[PDB]
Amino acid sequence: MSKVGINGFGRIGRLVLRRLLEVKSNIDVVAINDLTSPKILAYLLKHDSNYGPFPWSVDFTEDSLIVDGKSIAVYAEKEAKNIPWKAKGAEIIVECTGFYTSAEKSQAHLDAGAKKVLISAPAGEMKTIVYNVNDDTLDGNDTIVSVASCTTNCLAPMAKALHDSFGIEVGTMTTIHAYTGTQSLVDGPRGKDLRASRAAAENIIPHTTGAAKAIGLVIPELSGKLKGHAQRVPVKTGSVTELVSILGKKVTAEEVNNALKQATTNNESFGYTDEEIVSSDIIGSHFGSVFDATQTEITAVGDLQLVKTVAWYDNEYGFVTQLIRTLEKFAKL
């Protein structure tokens, strides 16, 4: 299967395409569905506030985009059941709308004539892959899979290294996270969630995330052992996850950092830094997660020890590189 449709040509959807082209995948994006015109999708693909001009030619007709000379159909169907995926034979749907995050809802793509769906968000109790952590759980028989959230892709590889080297007995995470499209520009209603109603670029905004809760799906041994949340803050992309853990062994910072260094060596999904970087330095990252040895902290009082480990992530592009790695493997099974 080398035929993809993108449902939801948003921040993640457009970057899926940009990254497919960047790595010369033999995947062919043949169709896109959204809620707008080809003219507007083309404007948006061409001009990006976070990543700058598209590196390839972009043009449009009344029913398509022309991206680096290839035609991609554009549809505007509110309900996935009505999307004509059969029309151009879209086999694998990259589900990036946020509105189909369960096997029940993403079934509508299959009903509509697609074979597989890769959901770009947590999608409940289904297979949930962080590339280079648990992508060997994938088989030929899988039809609807999740690559979880940006935060899950940041946390999982750090948690996994810690769990493998030291054991994690219990832990809590806080991500200091760039604001996203689910939040508000000015204070006003945003469904039921009171905090999401507040002006995102003018506030620190606590926010729920399931990355830690649902880590069970990626790292089965940590199931139920982690909790966490986010503080959404006014940067446009680039985020950082802090994990505070009780480990199964007494450790030093040096030891922790060496264990992480090993886990990131020749690891295309998981990077390492001992440089004094800030969030803008992670924009454009090709990793799902970048461990930052400069922020490691061990608080010890006798036999008790809290270990804080910190990893950066580009919640847009960095996450997308993990989505594509997983897509490329999903496509070959």
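Numbers for residues come from their place in the sequence shown, where the first is 1.
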| query | finding |
| --- | --- |
| Entry-level comparison of average CA B-factors, 106-114 and 259-267, reporting the higher stretch | 106-114 |
| Of 161-169 and 216-224, the stretch whose C-alpha atoms average the higher B-factor in the entry | 216-224 |
| Peak C-alpha temperature factor (PDB record), options 230, 253, 235, 144 | 144 |
| Residue with highest C-alpha B-factor in the PDB entry, from 211, 240, 76, 243 | 211 |
| Residue 190, C-alpha B-factor rank within chain (lowest, middle or highest third) | middle |
| Ranked against its chain, the third holding the CA B-factor of residue 273 | lowest |
| Residue 196 - which third its CA temperature factor falls in, relative to the rest of the chain | lowest |
| CA B-factor ranking of residue 202, expressed as a third of its chain | lowest |
| Residue 98 - Cα temperature factor, lowest/middle/highest third of chain | middle |
